[PDB]
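Letters A, B, C, D, E and F mark the chains as written, and numbering starts fresh at 1 in each.
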Amino acid sequence: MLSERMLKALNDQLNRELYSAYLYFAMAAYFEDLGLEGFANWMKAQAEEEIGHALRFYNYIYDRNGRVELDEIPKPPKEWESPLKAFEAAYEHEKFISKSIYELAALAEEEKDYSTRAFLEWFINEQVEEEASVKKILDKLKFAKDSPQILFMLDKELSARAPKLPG
Amino acid sequence: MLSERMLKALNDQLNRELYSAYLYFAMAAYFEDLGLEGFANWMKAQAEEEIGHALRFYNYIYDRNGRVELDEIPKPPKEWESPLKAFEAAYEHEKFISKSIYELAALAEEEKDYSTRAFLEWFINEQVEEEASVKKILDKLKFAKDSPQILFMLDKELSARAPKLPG
Amino acid sequence: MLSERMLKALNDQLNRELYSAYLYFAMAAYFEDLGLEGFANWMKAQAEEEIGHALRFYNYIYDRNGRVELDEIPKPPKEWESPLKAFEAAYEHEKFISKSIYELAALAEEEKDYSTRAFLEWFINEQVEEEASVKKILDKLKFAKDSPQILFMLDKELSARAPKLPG
Amino acid sequence: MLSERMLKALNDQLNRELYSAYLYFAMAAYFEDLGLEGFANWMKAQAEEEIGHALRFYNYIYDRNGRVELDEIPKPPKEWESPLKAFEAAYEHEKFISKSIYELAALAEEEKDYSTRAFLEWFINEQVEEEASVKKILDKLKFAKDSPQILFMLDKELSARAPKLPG
Amino acid sequence: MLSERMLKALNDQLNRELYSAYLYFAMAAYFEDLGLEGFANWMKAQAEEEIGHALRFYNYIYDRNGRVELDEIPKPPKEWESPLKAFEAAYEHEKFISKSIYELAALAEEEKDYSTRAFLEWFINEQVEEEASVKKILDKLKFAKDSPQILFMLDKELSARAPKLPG
Amino acid sequence: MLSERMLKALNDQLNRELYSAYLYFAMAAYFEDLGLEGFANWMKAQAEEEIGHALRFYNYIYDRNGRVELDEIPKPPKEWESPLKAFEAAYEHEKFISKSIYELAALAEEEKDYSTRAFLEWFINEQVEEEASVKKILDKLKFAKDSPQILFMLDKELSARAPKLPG
């Protein structure tokens, strides 16, 4: 009840979600190094959220009597010219993930797989939230052009988002 | 204050820890497919634990004013002849990690890197626990051999261990 | 991320929501004049609800990186021949809001704009409720055709629903 | 508001849901007479859940100002060759309901009936959950091929789920 | 301990109880269509109650080492000329069920099946309550003759009896 | 008890208050668009307050046995050159509402309408507060001429004024 084609498409997205976790982890390491601990914490929390997204794909595949297959996780970029550029890349990256979702939605419509299409509604809606969140910080970073004072401040605000795992 | 060898070595250990997260996750998918939800949830818990280990290097590295670098994470194996064989691989894998910790310890001693070597004590003691914990289960499995009545009971026990994240 | 056709239909639907708030406020004022303070309040509660619906569009717009534009709000009718008529009016108004939404859904599908299509599901569902709830009363006012005892009773019932804001 | 074609199809699904409740009540009796009280209670609770499904249809039909009409409920099977063959029937049956739902979804789309499509969305996700929960147990019964020992411990696990009407 | 006859007769009453539930559900749909929400809830509560009655039979039957057989449940009337006539139809059905209980009892006494006769004692008493319950309402609907304003208040009186399952 | 002219002057001021809600809501969209979420929330709260002022007239008109008549709320401006400019436009708006209220006091005095003139005392005081409330913010904006860091902190302060409706 999953087509061989759809399974590959779902396992592929599961892999994109994990890569997406890892990129944020890479971004955390990058903010860490800049000393911006709040930014860094936000990125870890984001990383954890992406692992969550991956598990959602994992559970759906099992629910549909499929079989998860795990693929290499590409090595993410090490750095970025500035916090603003990191967020630009996060944004571009969320835009990339959405497109993959639409493509998945399209394939599910074409196959007449209502289950998978329904399962994806959740990601269509979550991605709206995901892009808006990244956009909102990206713009504050624009508005903070030649001003470390504001960078410092945003850093403190973002630190309110703590990754749920360590403790 | 970390020599470039040390930094490279901690980073490789960080990546080894992530690979284990992933190998264990790969094991969770293998059990899930067999419909052994107890084992499946044990592997996901084990997988989070490994991410934890990963962050300890992360944390240590930054404390010594290093820079983390994330590397690609290899495709894990997909399948195993049997639950026993997967636990065997897990056991063999932990033995692999323990040897790595020793190689790192020896590295830290030769360089007279007291800080790093202190940092590794935690890993020497944890790896004793890790090895013993997988062996216990692996032995319970040799004991079941040709008894699904026991795999059933083993599954159920193991379901006691659950991953934090989903919640 | 929002096409120009979408942006327009969304602001339009936002202004359509604001005008319902005003229409219902108009009916509140009609009911008040008939001394029917129960109906008048329920209408004021419905206005507040419509403003809520307008804020839902306002938010989705900004989330999709859009720009809200506020247009003029037409003067609503002043009078109706009877309580039954004003509810008939309000039912037809809801059936009209509904079709404005179906129209938005249709546009979204033509443009292959999954996020917007997905965001409207909520409105499709709320409208089912909106229509059913206006209808339940409408029905109770046909039963109460020529008999002010029941009209007087409905009034007390509907005063249960109060507007939250004057608090 | 509801096309004749649509309303008759919804009434037909309502009847389908009731025959489901009846089918599982039939499985409940089949299991009691085997002295599998756990199995029997599971099936009872399932029956109740199906009545709930029938009520969602009833509610939706009335919310669209339609009219429910009840058709006769056919006599269900009395017996199955074994607990496994019984769960095979249930699984084959949940698939049949899924198809009925997909067919309905296709009909709503074809007639541009957005409201009914949105309503059916809950059944597309619920059926995913339905088929999975029957498959987990179906597979457990395969894994207990010739083994009353496991059958007995399944019966005891299933007894956790219990019908609410005795209360 | 149950003769072929008693088993047959009992499995038959079980079915009538089920049909009874179905019939009340049918009147629930009828009252709901008229916009009589109170009356409609009352009838759904009565339907569950009848399912409860079926369960007592089901439980007695397995108590005596019998086997429950389920039979098809016939189409009930869609429609009544008025609320009063539904209630007349209701009452007549309750007397019909009572008569079938008495025959059951009488067959018990004849075969000298003390256990079965004793089981029915519950139903003998419950039926007294059932008929009285229906008659009170029946009679109040007569008292309401040409008074929508009374029917309104009766509906509101009845909304206090609510079905339990939806929760 | 209300002169034909008074009612008209009261209904106009009612409408003026609604237009105020709209104006402030426009300025909300404006600030939202700049990503100044705190100004945006302030403005949404003030929008609500304005709706409150309208209801005050609405209540008075019905107390004195008048009828409320609602008029078209015109299109407010979409844009302003800067946040400071918006607050200048709002001060100017409030000053005009004030003038509007004096004209109403003068009228009621001149018509020797004592009820109406006393009703307005509330507004004469409220406008003092309104004007000053805007002036304080407007002046802080002058104070923060070419300093985005002060714009930022002022945004965080105003964020404390939350509208009361999203809940």
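By definition in this document, a residue touches a chain if its C-beta (ideal position, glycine included) is under 8 Å from a C-beta of that chain, and two chains touch if they have at least 3 such contacts.
The chain lineup, named per UniProt: A, B, C, D, E, F = Ferritin homolog.
For A-F, the matching interface among the pairs A-D, A-C or C-E, defined by over half of the contact pairs being the same residue numbers, is C-E.
Between C-E and A-C, more C-beta contact pairs are found at A-C. One finds 63 Å separating the Cα centroids of chain B (Ferritin homolog) and chain E (Ferritin homolog). Here the CA centre of chain B (Ferritin homolog) is 43 Å from the CA centre of chain D (Ferritin homolog).
One inter-chain figure worth recording: chain A (Ferritin homolog) and chain B (Ferritin homolog) are separated by 25 Å, centre to centre, where each centre is the mean of the chain's CA atoms. Across the assembly, chain C (Ferritin homolog) contributes 62, 121 as residues in contact with two or more other chains. For chain A (Ferritin homolog) in complex with chain D (Ferritin homolog), the touching residues are 1, 60, 62-65, 112, 114-115, 117-119, 121. If you check the complex, the residues on chain C (Ferritin homolog) that touch chain E (Ferritin homolog) are 136, 139-140, 143-144, 147, 149-150, 153. Contacts from chain D (Ferritin homolog) toward chain E (Ferritin homolog) in the complex involve residues 22, 25-26, 29, 32-33, 48, 51-52, 55, 58, 62, 67-76, 78, 164-166.
Of all residues in chain B (Ferritin homolog), those touching chain D (Ferritin homolog) in their complex are 35, 148-149, 152.
Across the interface of their complex, chain A (Ferritin homolog) is touched by residues 95, 98, 101-102, 105-106, 121, 124-125, 127-129, 131-132, 135 of chain D (Ferritin homolog).
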